[PDB]
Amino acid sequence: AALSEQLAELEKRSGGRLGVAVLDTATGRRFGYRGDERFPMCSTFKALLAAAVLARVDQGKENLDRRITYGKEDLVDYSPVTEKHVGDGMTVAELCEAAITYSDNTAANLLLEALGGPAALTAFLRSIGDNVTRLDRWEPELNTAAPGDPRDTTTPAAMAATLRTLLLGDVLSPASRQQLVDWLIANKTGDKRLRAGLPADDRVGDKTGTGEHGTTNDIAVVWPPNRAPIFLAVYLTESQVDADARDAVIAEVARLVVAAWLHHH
């Protein structure tokens, strides 16, 4: 219980509530700190969104090259890619890439539309045995992160196990598994979070999330050199420290976890 104690101290310093799940596929060994408590997902849901879209592509019900057009009026805030393509539109794949690697919010709304809504995202998760995660609203309202509101939440343990199933299970075809991995590995938004505490020679894919009420999140798949991948889901909400210090909490969680795994071997 040393990791547990250090995480509790860290949580105390943050002023908020911190959830952590680790899933090591070399052994099946897990670790949880509030792993079975609900947390607002904010943009971490977008990893699941892209999986759902890829599943439809595997089914022949969707095409990565299909072009979606939209208006200036459709933009919501934090849309650094989609705001550049009002004139020419974007393909389903480009929206996926933008939603994951730049956390583009309009991209995610267009892609929820492609599924038919947040309820369809939730059905896809239920179809793969994640009985926990739920999406309820669109961008930007799904980031309100109100305490005690179960909408648009997951648990760290549920997210970790679902990310595992998606990337290593047979939910997605091999080509779609690789595509999702490649998008996560190319994430541009996460350099001050889990990536920052991880050893530099770890190969990392991640998706961040950020919201109201001091919410800062990050989920990742990590390949240490010559080892099976490890899944790490970290959620922080109700934090009373500023945005930089919240990023550092997440970076510190990776440091703490890595050091804990080191003392297993």
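Position 1 is the first residue in the sequence shown; the rest follow in order.
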Mean B factor on CA atoms, stretches 24-32 and 66-74, record says higher is 24-32
Should the higher mean CA B-factor in the entry be assigned to 192-200 or to 45-53?
192-200
Relative to the other modelled residues of the same chain, rank the CA B-factor of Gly116 and answer lowest, middle or highest third.
lowest
Sort the modelled residues of this chain by their C-alpha B factor and say whether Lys207 lands in the lowest, middle or highest third.
lowest
Split into thirds by Cα B-factor across the chain's modelled residues, where does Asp130 land: lowest, middle or highest?
lowest
Record-listed C-alpha B factor of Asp170: chain third
highest
How does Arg177 rank on Cα B-factor within its chain, lowest, middle or highest third?
middle
